[PDB]
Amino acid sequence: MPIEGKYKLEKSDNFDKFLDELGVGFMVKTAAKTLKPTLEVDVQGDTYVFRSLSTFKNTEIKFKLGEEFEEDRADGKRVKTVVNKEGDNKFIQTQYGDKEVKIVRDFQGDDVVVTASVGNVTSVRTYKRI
């Protein structure tokens, strides 16, 4: 309930090198530099929906905690993934595959700190509630 709402990206750090390590297409990496996405969060009982709204693509994962599902990632790849909750502010998504991705979404009131990691490359992206 307190995590629901919309949050606009305010600061991004090292997201370019994160996409270099993840290995996405040039056009995708190019569009990410200028993109200022909005995270939309909705919860219906046990079912969570995290959206990324932007001119590039509007993406959506819907999931129950701890239950694996397939995600069509914005880079075009379909990955097996799971989301688990840590404490009650923190949601940790794991995207399995050859390069395993950890995406921590840390909800701190009107600020969300998203920390994405692959290999030895980490990006931090901060969103502010709108």
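One rule holds for the numbers: they count along the sequence shown, beginning at 1.
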Problem - Selected stretch [higher average CA B-factor]: 29 to 37 or 101 to 109 - result: 29 to 37
Exercise for the section: Give the position of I61 by CA B-factor within its chain, expressed as the lowest, middle or highest third. Expected result: middle
Exercise for the section: Would you mind ranking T94 by its C-alpha B-factor against the rest of the chain and naming the third, lowest, middle or highest? Expected result: lowest
Practice task
Pull the Cα B-factor of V83 out of the PDB entry and bin it into the chain's lowest, middle or highest third.
Solution key: lowest
Completion exercise
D13: CA B-factor among chain residues, third -> middle
Exercise for the section: Taking the chain's C-alpha temperature factors as the reference, tell me which third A74 falls into: lowest, middle or highest. Expected result: highest
